[PDB]
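Q: Take this structure, written in structure tokens, and hold onto it; I'll ask about it next.
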Amino acid sequence: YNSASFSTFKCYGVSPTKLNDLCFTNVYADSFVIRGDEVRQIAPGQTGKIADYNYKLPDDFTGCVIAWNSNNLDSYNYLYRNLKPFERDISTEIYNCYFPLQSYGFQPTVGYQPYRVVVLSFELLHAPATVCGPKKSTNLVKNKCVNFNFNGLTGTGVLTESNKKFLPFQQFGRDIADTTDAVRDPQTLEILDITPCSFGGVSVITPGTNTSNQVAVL
Amino acid sequence: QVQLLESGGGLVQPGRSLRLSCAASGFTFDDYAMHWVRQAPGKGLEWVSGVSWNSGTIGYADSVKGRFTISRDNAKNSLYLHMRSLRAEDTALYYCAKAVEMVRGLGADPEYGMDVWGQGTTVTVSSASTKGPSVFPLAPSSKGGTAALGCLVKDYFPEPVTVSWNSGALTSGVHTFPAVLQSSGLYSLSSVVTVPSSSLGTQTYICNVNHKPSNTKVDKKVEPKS
Amino acid sequence: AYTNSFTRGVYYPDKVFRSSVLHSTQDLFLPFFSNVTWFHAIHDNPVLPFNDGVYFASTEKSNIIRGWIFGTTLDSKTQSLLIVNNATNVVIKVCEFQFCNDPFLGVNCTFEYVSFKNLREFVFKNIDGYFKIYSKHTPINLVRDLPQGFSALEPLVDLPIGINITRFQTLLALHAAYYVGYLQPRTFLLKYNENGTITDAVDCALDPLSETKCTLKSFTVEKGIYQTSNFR
Amino acid sequence: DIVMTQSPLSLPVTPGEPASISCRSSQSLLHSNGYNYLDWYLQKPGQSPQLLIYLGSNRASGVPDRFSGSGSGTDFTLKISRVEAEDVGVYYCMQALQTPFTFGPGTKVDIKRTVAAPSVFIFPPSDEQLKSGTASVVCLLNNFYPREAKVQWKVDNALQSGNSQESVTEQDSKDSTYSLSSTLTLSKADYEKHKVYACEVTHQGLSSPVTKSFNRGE
Ligand SMILES: *[C@@H]1O[C@H](CO)[C@@H](O)[C@H](O)[C@H]1NC(C)=O
Ligand SMILES: *[C@@H]1O[C@H](CO)[C@@H](O)[C@H](O)[C@H]1NC(C)=O
């Protein structure tokens with residue numbers, strides 16, 4: 001994110017700074033070569049010459065896009081062809097009958113120079129799998145009102161040892177609302193209960209100030 | 001065990017296309033840069049093309065540039081070579097070889113070391129209707145010691161013909177040379193055996209020619225004529 | 001020969017624990033009270049459809065069923081999935097197998113994973129390149145049919161392959177019976193019990209009483225009149 | 001566009017002695033790493049070739065320790081500590097620096113013996129070449145050493161070219177001798193015109209080139 005030798009580095013759905021602290025289920029690296037600034041043409045939900053026929057994107061792409069120049073390498077060979085995003089249209093039979101593939105004229109023409117494109121498609125809440133950035137595991141403190149980051153799950157509470165008989169495959173448990181009422185801990189495989197830290201509004205009981213300034217607090 | 005099987009050979013007239021395919025089985029196909037290497041008939045090897053571990057081609061030979069087109073597929077473990085606008089000079093065997101150093105295992109990436117080789121196909125190109133062989137005699141010179149006599153096969157296409165002598169028994173003293181190629185593409189070769197001149201004027205000697213595609217087995221009784 | 005699938009086909013859709021709670025979820029289930037296809041193995045293993053995943057129930061006291069071949073081409077063309085179980089090895093493979101009809105011994109490739117007196121029932125699903133297999137083994141003593149009763153269906157394994165499958169074929173050992181059913185997108189109400197195991201479920205899409213049970217969100221309804229849907 | 005050469009072009013080796021071969025280039029293959037990129041390859045008679053040495057001198061896997069590689073700059077050498085009966089065939093050196101790669105013409109290694117002289121025979125066209133317009137003459141040379149030998153086709157002192165071809169066989173396993181055979185083809189317009197036709201052989205074992213001639217019309 002700080003080796004800015006690339007051309008375009010735009011993350012959609014994720015801010016680049018906060019990438020170091022998230023355990024993703026999986027990532028998909030999709031790579032290709034396209035000429036010109038067709039980086040604008042390939043946009044989530046947008047249209048374009050390449051987008052409408054080659055490689056589309058969804059409406060909620062929680063991923064990132066990278067692209068840079070390849071003039072030092074590519075200078076006939078490069079070719080390009082209403083479809084669902086993330087598609088392989090390997091059916092390229094000639095269709096009266098015309099050319100299926102139009103060719104990029106590799107040559108030092110910025111105006112029409114080729115480019116390398118990579119797309120990093122994350123899924124971070126699609127599986128129990130864990131893929132995180134650099135971080136240090138710490139010793140968990142029990143029965144103290146603490147804030148916790150269990151491989152992405154960030155919360156605050158008091159972590160009482162639990163016996164909730166989770167089945168051998170469940171990552172974590174919950175209840176009526178979106179209330180993580182337990183968790184299975186990595187590195188120890190134990191069932192930890194979560195309890196809210198105490199709160200409750202105070203109240204002030206007082207006789208009139210024209211009688212006394214003493215006060216009690218409930 | 002590592003296997004490299006290629007397919008696509010067969011006679012093809014000049015000015016057409018072919019699509020050779022090499023399939024690999026027994027290793028992680030993505031960590032090895034493949035190569036396609038020709039082998040002329042009765043000549044030295046010659047590099048043709050290659051492909052790195054990221055489906056990025058590494059250039060073609062100087063005299064072939066313009067027509068050949070390599071492509072690779074890691075999902076199906078395959079390497080294809082499309083070939084267009086042939087000429088009569090592109091008849092040869094074709095091996096698909098593998099690199100040695102796995103990528104990022106130690107400066108740059110590796111490309112050398114063509115270690116494992118499949119048994120290549122036999123691509124050929126020509127324009128000639130299948131014709132049968134013509135058998136010719138080579139009588140003894142009738143000039144000491146042991147004199148040689150033989151039979152010569154001319155104007156046959158394609159290979160291979162098989163020549164034996166005395167129906168198969170005579171084996172000590174036979175010689176058969178590889179099929180030389182001619183002007184019009186119709187091949188030619190010969191076989192010769194050396195026998196005592198004393199056994200030249202009364203014995204029996206027959207050479208037997210077998211051509212499989214033309215479905216023939218011709219007999220030739222060779223003796224001096226004067 | 002068809003069979004009445006009493007209540008089979010309810011598995012765990014989500015990997016998050018619940019407890020003593022009625023959760024209504026829409027998923028790809030096997031509708032209550034369907035006609036499951038029978039197959040007898042006297043003197044039988046044709047190609048079946050794989051439209052929407054498959055509920056495969058195998059009753060066994062001889063252990064001759066061995067696995068499954070999934071694909072569309074089935075002759076060294078595409079990565080046809082294969083499950084094979086022999087006396088020590090449970091191999092899941094996706095090679096392009098070169099043997100046309102029923103590969104086994106009686107009495108190209110991209111992935112590999114190695115691990116009437118019983119009822120082993122499996123469900124096969126394929127979503128977004130994840131092939132999910134949910135299994136369960138149950139002890140029975142009955143020789144005739146698929147029994148009457150309820151049980152959960154534990155989610156066992158997932159495989160990252162991602163290919164279009166339209167047909168599948170079971171396989172045996174050369175020298176039994178089983179049942180198959182297909183899946184439809186229903187909306188169940190599951191009763192997660194105290195330990196968190198599905199003890200009952202109602203299919204809202206079957207008959208009016210189940211529809212009202214699903215709207216009220218309970219398994220008993222008082223007398224009266226309840227507004228449920230809209231004809232249009 | 002780099003051209004190699006090898007030396008010697010063809011050498012006879014005898015089992016039980018060291019063998020040396022030199023490969024020379026046009027541009028020194030010293031890369032920035034300090035590694036020479038030359039490779040040494042072997043081909044057995046009638047099989048697919050096999051790898052001998054990669055990266056200049058690093059011995060390949062699975063080959064015995066009887067081979068050695070050395071050299072640098074533009075000159076490299078391969079030397080077998082001990083040669084045996086299973087070390088015959090063709091050797092090549094291949095670059096790996098500047099694409100496209102290249103293979104040397106190839107060194108032909110065979111088994112040596114005592115020098116022997118060829119036996120020479122001539123063969124005129126039969127009567128089947130008198131009713132078919134095509135006339136063929138065959139000169140035969142058998143049981144000679146070494147590989148080098150050459151032929152003139154002579155017709156009334158008027159040397160010809162182009163139309164005469166030749167072919168040779170493999171080395172005989174037992175007595176290690178070679179056989180050559182040349183053919184001359186022509187029409188039915190000049191064959192019945194010139195009188196004396198001769199095959200001339202030049203070889204080391206003969207004091208003078210030997211001329212075997214026949215005359216037309218016996
Ligand atoms: C972390 O290391 C400990 C032993 O050092 C081990 O018990 C634990 O299983 C490891 N974590 C995982 C996910 O394997
Ligand atoms: C499952 O539930 C029953 C009662 O609901 C209870 O015995 C226990 O919580 C579990 N049974 C076991 C562990 O045998």
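Note on naming: chains are A, B, ... as they come in the structure tokens, residues start from 1 per chain, ligands start from 1 in the order shown.
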Need the shell around residue 61 of chain A: protein/DNA/RNA residues with any atom at most 12 Å away, counting only C-alpha atoms. Skip same-chain ones fewer than 4 positions apart. Format as a list in words?
A: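 The filter keeps residues 10, 11, 12, 13, 14, 43, 44, 45, 56, 57, 65, 85, 86, 119, 120, 121, 122, 123 and 124 of chain A.
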Q: Print the selection's residues with N, CA, C and O atoms to a file, as a PDB file, in the first residue's frame.
A:
```pdb
ATOM      1  N   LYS A  10      -6.677   1.032  -6.089  1.00  0.00           N
ATOM      2  CA  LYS A  10      -7.934   1.516  -5.533  1.00  0.00           C
ATOM      3  C   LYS A  10      -8.662   0.360  -4.864  1.00  0.00           C
ATOM      4  O   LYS A  10      -8.958  -0.648  -5.513  1.00  0.00           O
ATOM      5  N   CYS A  11      -8.960   0.510  -3.578  1.00  0.00           N
ATOM      6  CA  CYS A  11      -9.663  -0.517  -2.821  1.00  0.00           C
ATOM      7  C   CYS A  11     -11.116  -0.101  -2.637  1.00  0.00           C
ATOM      8  O   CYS A  11     -11.398   1.041  -2.260  1.00  0.00           O
ATOM      9  N   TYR A  12     -12.030  -1.024  -2.912  1.00  0.00           N
ATOM     10  CA  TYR A  12     -13.460  -0.770  -2.832  1.00  0.00           C
ATOM     11  C   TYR A  12     -14.051  -1.577  -1.685  1.00  0.00           C
ATOM     12  O   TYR A  12     -13.881  -2.799  -1.628  1.00  0.00           O
ATOM     13  N   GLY A  13     -14.740  -0.893  -0.778  1.00  0.00           N
ATOM     14  CA  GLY A  13     -15.294  -1.522   0.396  1.00  0.00           C
ATOM     15  C   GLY A  13     -14.341  -1.634   1.566  1.00  0.00           C
ATOM     16  O   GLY A  13     -14.785  -1.949   2.678  1.00  0.00           O
ATOM     17  N   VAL A  14     -13.049  -1.394   1.356  1.00  0.00           N
ATOM     18  CA  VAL A  14     -12.053  -1.470   2.417  1.00  0.00           C
ATOM     19  C   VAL A  14     -11.118  -0.280   2.290  1.00  0.00           C
ATOM     20  O   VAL A  14     -10.651   0.040   1.193  1.00  0.00           O
ATOM     21  N   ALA A  43     -15.306  -1.117 -13.887  1.00  0.00           N
ATOM     22  CA  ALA A  43     -15.721  -0.508 -12.602  1.00  0.00           C
ATOM     23  C   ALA A  43     -16.974  -1.221 -12.079  1.00  0.00           C
ATOM     24  O   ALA A  43     -17.847  -1.562 -12.902  1.00  0.00           O
ATOM     25  N   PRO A  44     -17.103  -1.459 -10.755  1.00  0.00           N
ATOM     26  CA  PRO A  44     -18.249  -2.189 -10.206  1.00  0.00           C
ATOM     27  C   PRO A  44     -19.569  -1.506 -10.584  1.00  0.00           C
ATOM     28  O   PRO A  44     -19.739  -0.346 -10.250  1.00  0.00           O
ATOM     29  N   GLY A  45     -20.460  -2.229 -11.268  1.00  0.00           N
ATOM     30  CA  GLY A  45     -21.734  -1.675 -11.665  1.00  0.00           C
ATOM     31  C   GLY A  45     -21.702  -0.765 -12.874  1.00  0.00           C
ATOM     32  O   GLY A  45     -22.765  -0.472 -13.435  1.00  0.00           O
ATOM     33  N   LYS A  56     -16.869  -8.599 -15.673  1.00  0.00           N
ATOM     34  CA  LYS A  56     -17.690  -7.685 -14.893  1.00  0.00           C
ATOM     35  C   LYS A  56     -17.438  -7.867 -13.400  1.00  0.00           C
ATOM     36  O   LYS A  56     -16.753  -8.793 -12.963  1.00  0.00           O
ATOM     37  N   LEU A  57     -18.010  -6.965 -12.614  1.00  0.00           N
ATOM     38  CA  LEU A  57     -17.879  -6.941 -11.167  1.00  0.00           C
ATOM     39  C   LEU A  57     -19.253  -6.862 -10.523  1.00  0.00           C
ATOM     40  O   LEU A  57     -20.217  -6.414 -11.153  1.00  0.00           O
ATOM     41  N   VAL A  65      -8.307  -3.294  -6.394  1.00  0.00           N
ATOM     42  CA  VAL A  65      -7.888  -3.353  -7.788  1.00  0.00           C
ATOM     43  C   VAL A  65      -6.524  -2.688  -7.913  1.00  0.00           C
ATOM     44  O   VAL A  65      -6.306  -1.604  -7.357  1.00  0.00           O
ATOM     45  N   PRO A  85     -20.927 -11.386 -13.659  1.00  0.00           N
ATOM     46  CA  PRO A  85     -19.560 -11.031 -13.261  1.00  0.00           C
ATOM     47  C   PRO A  85     -18.761 -12.256 -12.845  1.00  0.00           C
ATOM     48  O   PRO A  85     -19.309 -13.250 -12.362  1.00  0.00           O
ATOM     49  N   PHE A  86     -17.442 -12.162 -13.030  1.00  0.00           N
ATOM     50  CA  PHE A  86     -16.514 -13.260 -12.750  1.00  0.00           C
ATOM     51  C   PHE A  86     -16.852 -14.485 -13.603  1.00  0.00           C
ATOM     52  O   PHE A  86     -17.219 -15.549 -13.100  1.00  0.00           O
ATOM     53  N   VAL A 119      -6.672  -8.095  -9.640  1.00  0.00           N
ATOM     54  CA  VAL A 119      -7.842  -7.838  -8.812  1.00  0.00           C
ATOM     55  C   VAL A 119      -7.773  -8.776  -7.620  1.00  0.00           C
ATOM     56  O   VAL A 119      -7.650  -9.996  -7.791  1.00  0.00           O
ATOM     57  N   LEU A 120      -7.840  -8.212  -6.416  1.00  0.00           N
ATOM     58  CA  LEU A 120      -7.785  -8.969  -5.171  1.00  0.00           C
ATOM     59  C   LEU A 120      -9.194  -8.976  -4.591  1.00  0.00           C
ATOM     60  O   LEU A 120      -9.639  -7.981  -4.014  1.00  0.00           O
ATOM     61  N   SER A 121      -9.894 -10.091  -4.750  1.00  0.00           N
ATOM     62  CA  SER A 121     -11.267 -10.228  -4.284  1.00  0.00           C
ATOM     63  C   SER A 121     -11.249 -10.956  -2.945  1.00  0.00           C
ATOM     64  O   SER A 121     -10.944 -12.151  -2.884  1.00  0.00           O
ATOM     65  N   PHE A 122     -11.557 -10.230  -1.877  1.00  0.00           N
ATOM     66  CA  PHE A 122     -11.571 -10.806  -0.544  1.00  0.00           C
ATOM     67  C   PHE A 122     -12.939 -11.378  -0.216  1.00  0.00           C
ATOM     68  O   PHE A 122     -13.966 -10.919  -0.720  1.00  0.00           O
ATOM     69  N   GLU A 123     -12.940 -12.398   0.638  1.00  0.00           N
ATOM     70  CA  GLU A 123     -14.114 -12.777   1.410  1.00  0.00           C
ATOM     71  C   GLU A 123     -13.652 -12.952   2.846  1.00  0.00           C
ATOM     72  O   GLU A 123     -12.795 -13.800   3.126  1.00  0.00           O
ATOM     73  N   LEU A 124     -14.198 -12.125   3.740  1.00  0.00           N
ATOM     74  CA  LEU A 124     -13.760 -12.043   5.124  1.00  0.00           C
ATOM     75  C   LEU A 124     -14.770 -12.595   6.121  1.00  0.00           C
ATOM     76  O   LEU A 124     -14.398 -12.853   7.271  1.00  0.00           O
TER      77      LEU A 124
END
```
Q: Within 8 Å of ligand 2, counting only C-alpha atoms and all ligand atoms: which residues, as a short mmCIF file (atom, residue, chain, number, x, y, z; two decimals) with N, CA, C and O atoms, in the first residue's frame?
A:
```cif
data_model
loop_
_atom_site.label_atom_id
_atom_site.label_comp_id
_atom_site.auth_asym_id
_atom_site.auth_seq_id
_atom_site.Cartn_x
_atom_site.Cartn_y
_atom_site.Cartn_z
N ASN C 193 -32.89 -27.24 20.11
CA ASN C 193 -33.22 -27.69 21.45
C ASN C 193 -32.17 -27.19 22.45
O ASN C 193 -31.33 -26.35 22.13
N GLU C 194 -32.22 -27.72 23.67
CA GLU C 194 -31.39 -27.19 24.75
C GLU C 194 -29.90 -27.34 24.44
O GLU C 194 -29.14 -26.37 24.52
N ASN C 195 -29.47 -28.55 24.09
CA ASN C 195 -28.07 -28.71 23.71
C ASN C 195 -27.75 -28.06 22.37
O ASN C 195 -26.57 -27.92 22.04
#
```
Q: Using only C-alpha atoms, tabulate the residues of chain C lying at most 8 Å from any atom of chain B, each with its closest atom pair and that distance in Å to one decimal, by chain and increasing residue number, as CSV.
A:
```
residue,atom,partner,partner_atom,distance
C:78,CA,B:76,CA,7.9
C:108,CA,B:76,CA,5.4
C:109,CA,B:76,CA,7.0
C:110,CA,B:75,CA,7.0
```
Q: Would you write out those residues with C-alpha atoms, as a PDB file, in the first residue's frame?
A:
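Contents of result.pdb, as written:
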```pdb
ATOM      1  CA  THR C  78     -13.294 -32.532 -17.553  1.00  0.00           C
ATOM      2  CA  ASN C 108      -5.294 -33.945 -16.259  1.00  0.00           C
ATOM      3  CA  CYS C 109      -5.888 -33.881 -12.530  1.00  0.00           C
ATOM      4  CA  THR C 110      -6.113 -30.975 -10.093  1.00  0.00           C
TER       5      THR C 110
END
```
Q: So which residues touch segment 169-180 of chain B within 12 Å, counting only C-alpha atoms, skipping near sequence neighbours fewer than 6 positions away, as a ChimeraX atom specification?
A: /B:41-42,146-163,186-196,204-208 /D:140-143,164-172,174,177-183
Q: Specify as a PyMOL selection string all residues of chain A found within 10 Å of chain C, counting only C-alpha atoms.
A: chain A and resi 127-128+164-167+169-176+180-183
Q: Out of segment 34-212 of chain B, which residues get strand (DSSP E) from DSSP, as number ranges by chain?
A: B: 34-39, 45-51, 69-73, 78-84, 93-98, 124-125, 134-138, 146-156, 161-165, 174-176, 187-196, 206-211
Q: Write to file, as a PDB file, in the first residue's frame, the residues of the selection just made, with C-alpha atoms.
A:
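Everything below was put into part38.pdb:
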```
ATOM      1  CA  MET B  34       7.623 -25.825 -20.507  1.00  0.00           C
ATOM      2  CA  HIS B  35       9.393 -25.852 -23.866  1.00  0.00           C
ATOM      3  CA  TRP B  36       8.620 -27.171 -27.349  1.00  0.00           C
ATOM      4  CA  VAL B  37      11.686 -28.388 -29.256  1.00  0.00           C
ATOM      5  CA  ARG B  38      11.694 -29.702 -32.808  1.00  0.00           C
ATOM      6  CA  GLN B  39      14.019 -32.370 -34.179  1.00  0.00           C
ATOM      7  CA  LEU B  45      17.872 -30.457 -32.386  1.00  0.00           C
ATOM      8  CA  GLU B  46      16.423 -26.956 -32.654  1.00  0.00           C
ATOM      9  CA  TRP B  47      14.600 -24.866 -30.066  1.00  0.00           C
ATOM     10  CA  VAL B  48      11.129 -23.766 -31.188  1.00  0.00           C
ATOM     11  CA  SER B  49       9.251 -22.110 -28.334  1.00  0.00           C
ATOM     12  CA  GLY B  50       8.621 -22.054 -24.607  1.00  0.00           C
ATOM     13  CA  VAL B  51       6.399 -20.779 -21.829  1.00  0.00           C
ATOM     14  CA  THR B  69       1.459 -19.632 -31.468  1.00  0.00           C
ATOM     15  CA  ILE B  70       1.956 -21.231 -28.060  1.00  0.00           C
ATOM     16  CA  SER B  71      -0.639 -21.350 -25.287  1.00  0.00           C
ATOM     17  CA  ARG B  72      -0.864 -22.968 -21.858  1.00  0.00           C
ATOM     18  CA  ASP B  73      -3.596 -24.090 -19.431  1.00  0.00           C
ATOM     19  CA  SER B  78      -2.027 -28.851 -20.912  1.00  0.00           C
ATOM     20  CA  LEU B  79       0.207 -26.997 -23.346  1.00  0.00           C
ATOM     21  CA  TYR B  80      -1.016 -26.293 -26.872  1.00  0.00           C
ATOM     22  CA  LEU B  81       0.887 -25.187 -29.971  1.00  0.00           C
ATOM     23  CA  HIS B  82      -1.099 -23.845 -32.920  1.00  0.00           C
ATOM     24  CA  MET B  83       0.733 -23.840 -36.231  1.00  0.00           C
ATOM     25  CA  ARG B  84      -0.344 -21.937 -39.339  1.00  0.00           C
ATOM     26  CA  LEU B  93       9.650 -34.696 -34.508  1.00  0.00           C
ATOM     27  CA  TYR B  94       8.462 -32.444 -31.677  1.00  0.00           C
ATOM     28  CA  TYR B  95       9.219 -32.968 -27.976  1.00  0.00           C
ATOM     29  CA  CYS B  96       7.725 -31.069 -25.042  1.00  0.00           C
ATOM     30  CA  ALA B  97      10.289 -30.699 -22.253  1.00  0.00           C
ATOM     31  CA  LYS B  98      10.206 -29.391 -18.691  1.00  0.00           C
ATOM     32  CA  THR B 124       5.003 -34.227 -41.796  1.00  0.00           C
ATOM     33  CA  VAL B 125       3.952 -32.106 -44.768  1.00  0.00           C
ATOM     34  CA  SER B 134       8.861 -49.910 -57.579  1.00  0.00           C
ATOM     35  CA  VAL B 135      11.377 -52.732 -57.078  1.00  0.00           C
ATOM     36  CA  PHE B 136      14.626 -52.789 -59.063  1.00  0.00           C
ATOM     37  CA  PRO B 137      17.378 -55.423 -59.225  1.00  0.00           C
ATOM     38  CA  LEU B 138      21.083 -54.974 -58.474  1.00  0.00           C
ATOM     39  CA  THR B 146      32.494 -62.314 -51.928  1.00  0.00           C
ATOM     40  CA  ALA B 147      30.427 -60.139 -54.270  1.00  0.00           C
ATOM     41  CA  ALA B 148      27.388 -58.117 -53.235  1.00  0.00           C
ATOM     42  CA  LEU B 149      23.937 -57.929 -54.816  1.00  0.00           C
ATOM     43  CA  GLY B 150      20.783 -56.162 -53.789  1.00  0.00           C
ATOM     44  CA  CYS B 151      17.448 -54.618 -54.621  1.00  0.00           C
ATOM     45  CA  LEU B 152      16.452 -50.958 -54.770  1.00  0.00           C
ATOM     46  CA  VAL B 153      13.006 -49.582 -53.909  1.00  0.00           C
ATOM     47  CA  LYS B 154      12.052 -46.340 -55.639  1.00  0.00           C
ATOM     48  CA  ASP B 155       9.099 -43.936 -55.706  1.00  0.00           C
ATOM     49  CA  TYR B 156       7.149 -44.933 -52.617  1.00  0.00           C
ATOM     50  CA  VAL B 161       8.649 -50.172 -46.017  1.00  0.00           C
ATOM     51  CA  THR B 162      10.301 -53.374 -44.798  1.00  0.00           C
ATOM     52  CA  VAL B 163      12.771 -55.414 -46.843  1.00  0.00           C
ATOM     53  CA  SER B 164      13.981 -58.908 -45.970  1.00  0.00           C
ATOM     54  CA  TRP B 165      16.004 -61.502 -47.855  1.00  0.00           C
ATOM     55  CA  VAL B 174      22.486 -57.801 -44.891  1.00  0.00           C
ATOM     56  CA  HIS B 175      22.597 -54.018 -45.102  1.00  0.00           C
ATOM     57  CA  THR B 176      19.690 -51.588 -45.441  1.00  0.00           C
ATOM     58  CA  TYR B 187      11.237 -41.650 -51.300  1.00  0.00           C
ATOM     59  CA  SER B 188      13.822 -44.276 -52.221  1.00  0.00           C
ATOM     60  CA  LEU B 189      16.151 -46.714 -50.484  1.00  0.00           C
ATOM     61  CA  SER B 190      17.955 -49.976 -51.126  1.00  0.00           C
ATOM     62  CA  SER B 191      19.222 -53.136 -49.494  1.00  0.00           C
ATOM     63  CA  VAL B 192      22.231 -55.281 -50.323  1.00  0.00           C
ATOM     64  CA  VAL B 193      23.707 -58.578 -49.135  1.00  0.00           C
ATOM     65  CA  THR B 194      27.161 -59.969 -49.910  1.00  0.00           C
ATOM     66  CA  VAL B 195      27.472 -63.636 -50.911  1.00  0.00           C
ATOM     67  CA  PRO B 196      30.349 -65.705 -52.336  1.00  0.00           C
ATOM     68  CA  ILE B 206      15.119 -63.552 -53.195  1.00  0.00           C
ATOM     69  CA  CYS B 207      14.420 -60.199 -51.547  1.00  0.00           C
ATOM     70  CA  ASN B 208      10.948 -59.617 -50.158  1.00  0.00           C
ATOM     71  CA  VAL B 209       9.432 -56.129 -49.965  1.00  0.00           C
ATOM     72  CA  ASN B 210       6.495 -55.380 -47.664  1.00  0.00           C
ATOM     73  CA  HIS B 211       4.539 -52.120 -47.815  1.00  0.00           C
TER      74      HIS B 211
END
```
Q: For ligand 1, collect every residue having any atom at a distance of at most 7 Å from a ligand atom (counting only C-alpha atoms and all ligand atoms); output as a ChimeraX atom specification.
A: /A:186-188
Q: Compute the set of chain B residues within 6 Å of chain D, using only C-alpha atoms, and express it as a list in words.
A: residues 61, 112, 115 and 177 of chain B
Q: Would you mind listing what lies within 6 Å of residue 54 of chain C as a PyMOL selection string, with only C-alpha atoms counted and same-chain residues fewer than 3 positions away left out?
A: chain C and resi 123-124+182
Q: Would you kindly report the residues of chain A within 12 Å of chain B, using only C-alpha atoms, as an NGL selection string?
A: :A and (31-33 or 73-78 or 90)
Q: Need to verify the contact set: segment 151-153 of chain A, 8 Å, only C-alpha atoms, exclusion of same-chain residues closer than 4 positions in sequence. Can you return it as a PyMOL selection string?
A: chain A and resi 21-23+130+132
Q: Selected residues, N, CA, C and O atoms, written as a compact mmCIF listing (two decimals), in the first residue's frame, please.
A:
```
# COMPACT_ATOMS: atom_id res chain seq x y z
N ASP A 21 -5.27 -5.64 10.00
CA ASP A 21 -5.87 -6.18 11.21
C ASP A 21 -7.18 -6.90 10.91
O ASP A 21 -8.16 -6.77 11.64
N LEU A 22 -7.21 -7.68 9.83
CA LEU A 22 -8.43 -8.40 9.46
C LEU A 22 -8.07 -9.78 8.96
O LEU A 22 -7.28 -9.92 8.02
N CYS A 23 -8.68 -10.81 9.56
CA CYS A 23 -8.46 -12.19 9.13
C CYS A 23 -9.53 -12.57 8.12
O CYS A 23 -10.68 -12.81 8.47
N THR A 130 -8.98 -18.37 8.19
CA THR A 130 -8.30 -17.20 8.73
C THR A 130 -7.09 -16.86 7.87
O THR A 130 -6.21 -17.71 7.66
N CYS A 132 -4.71 -13.44 8.00
CA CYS A 132 -4.59 -12.08 8.60
C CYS A 132 -3.30 -11.36 8.23
O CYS A 132 -2.37 -12.02 7.73
```
Q: Give me the residues within 12 Å of residue 41 of chain C as a CSV table (one decimal) with N, CA and C atoms, in the first residue's frame, counting only C-alpha atoms and dropping any in the same chain fewer than 3 places off.
A:
```
chain,number,residue,atom,x,y,z
C,38,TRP,N,-36.9,-45.2,-5.6
C,38,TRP,CA,-36.2,-46.5,-5.1
C,38,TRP,C,-35.3,-47.0,-6.1
C,44,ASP,N,-27.9,-52.5,-11.3
C,44,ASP,CA,-28.8,-51.3,-11.3
C,44,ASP,C,-28.1,-50.1,-10.8
C,45,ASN,N,-27.6,-49.2,-11.7
C,45,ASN,CA,-26.9,-48.0,-11.4
C,45,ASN,C,-27.0,-47.0,-12.6
C,46,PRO,N,-28.2,-46.6,-13.0
C,46,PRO,CA,-28.2,-45.7,-14.2
C,46,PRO,C,-27.8,-44.3,-13.8
C,58,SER,N,-28.7,-44.5,1.7
C,58,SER,CA,-28.2,-45.8,1.5
C,58,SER,C,-28.5,-46.7,2.7
C,59,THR,N,-29.4,-47.7,2.6
C,59,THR,CA,-29.6,-48.7,3.6
C,59,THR,C,-28.6,-49.8,3.3
C,60,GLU,N,-27.9,-50.3,4.3
C,60,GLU,CA,-26.8,-51.2,4.1
C,60,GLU,C,-26.6,-52.2,5.2
C,64,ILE,N,-21.5,-52.8,0.1
C,64,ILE,CA,-21.0,-52.9,-1.3
C,64,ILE,C,-21.1,-51.6,-2.0
C,65,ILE,N,-21.8,-50.6,-1.6
C,65,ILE,CA,-21.8,-49.3,-2.1
C,65,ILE,C,-20.4,-48.7,-1.9
C,170,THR,N,-23.8,-43.5,-8.9
C,170,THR,CA,-23.3,-44.3,-7.8
C,170,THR,C,-22.6,-45.6,-8.4
C,171,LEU,N,-21.8,-46.2,-7.5
C,171,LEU,CA,-21.0,-47.4,-8.0
C,171,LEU,C,-20.9,-48.4,-6.9
C,172,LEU,N,-20.6,-49.6,-7.2
C,172,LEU,CA,-20.7,-50.8,-6.4
C,172,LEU,C,-19.5,-51.6,-6.6
C,173,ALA,N,-19.5,-52.9,-6.1
C,173,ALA,CA,-18.4,-53.8,-6.3
C,173,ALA,C,-18.9,-55.0,-7.2
C,174,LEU,N,-18.1,-55.3,-8.2
C,174,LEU,CA,-18.5,-56.4,-9.1
C,174,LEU,C,-18.3,-57.8,-8.5
C,176,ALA,N,-28.5,-55.3,-3.1
C,176,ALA,CA,-28.7,-54.1,-2.2
C,176,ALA,C,-29.8,-53.2,-2.7
C,177,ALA,N,-30.0,-52.0,-2.1
C,177,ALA,CA,-31.0,-51.1,-2.5
C,177,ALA,C,-30.6,-49.7,-1.9
C,178,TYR,N,-31.2,-48.7,-2.4
C,178,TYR,CA,-31.1,-47.3,-1.9
C,178,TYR,C,-32.2,-46.5,-2.4
C,179,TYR,N,-32.2,-45.2,-1.9
C,179,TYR,CA,-33.2,-44.2,-2.3
C,179,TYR,C,-32.6,-42.9,-2.6
```
